[PDB]
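Novice: Generate a structure from the sequence data that follows.
(one chain, ligands or ions: 1)
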Amino acid sequence: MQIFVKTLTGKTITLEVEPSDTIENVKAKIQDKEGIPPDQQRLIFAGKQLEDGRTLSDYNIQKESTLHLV
Ligand SMILES: [Zn+2]
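Specialist: Numbers count the residues shown, from 1 in each chain. Shown next is the structure:
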């Protein structure tokens, strides 16, 4: 499925992920795309802070959703 991530500069990157991907997996993909170290990445979705060991489905993140780096 496709989701979008907004960086701290407002840039929007697209990611191909699976419903079961963990936040840790997503952070690794962001690192490959932008070079931002995982440990300095904090992701938010609908006002919810996302934990590394949980999956996208755990947060009801569906196709075309947008996450924010803060
Ligand atoms: Zn938004």
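
Novice: alpha carbons only for contacts and neighbour counts from here, please
Specialist: Fine.

Novice: and the spatially closest residue to residue 18 that is not a sequence neighbour, what does it touch?
Specialist: Using CA to CA, 6 or more residues apart in numbering and skipping residues adjacent in sequence, the residue nearest residue 18 is residue 1, 5.8 Å away. Going by CA atoms under 8 Å, 6 or more residues apart in numbering, residue 1 touches 16, 17, 18, 19, 62, 63, 64.

Novice: And residue 1, how close does it get to residue 26?
Specialist: To residue 26, residue 1 is 12 Å away according to CA to CA, to the nearest Å.

Novice: Spit out the residues that contact these two alike.
Specialist: Taking CA under 8 Å, 6+ apart as the contact rule, residue 1 and residue 26 both touch residue 17.

Novice: May I ask which helix or strand encompasses the residue of the chain most remote from its centre?
Specialist: Centroid-distance maximum for the chain: residue 9 at 15.4 Å, with CA atoms, centre = their mean. Residue 9 is located outside every helix and strand, with elements delineated by DSSP states H and E.

Novice: in the protein, which spans are strands?
Specialist: For the chain, the strands defined by DSSP state E occupy 2-6, 12-16, 43-45, 48-49, 66-69.

Novice: can you put the ones you listed in JSON lines and add distance to residue 34 and mean neighbour count?
Specialist: Converted to JSON lines, these look like this (distance: least, CA to CA, whole Å; neighbours: other CA atoms under 10 Å):
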{"stretch": "strand 2-6", "distance to residue 34": "11", "mean neighbour count": "17"}
{"stretch": "strand 12-16", "distance to residue 34": "9", "mean neighbour count": "14"}
{"stretch": "strand 43-45", "distance to residue 34": "15", "mean neighbour count": "18"}
{"stretch": "strand 48-49", "distance to residue 34": "21", "mean neighbour count": "12"}
{"stretch": "strand 66-69", "distance to residue 34": "12", "mean neighbour count": "19"}
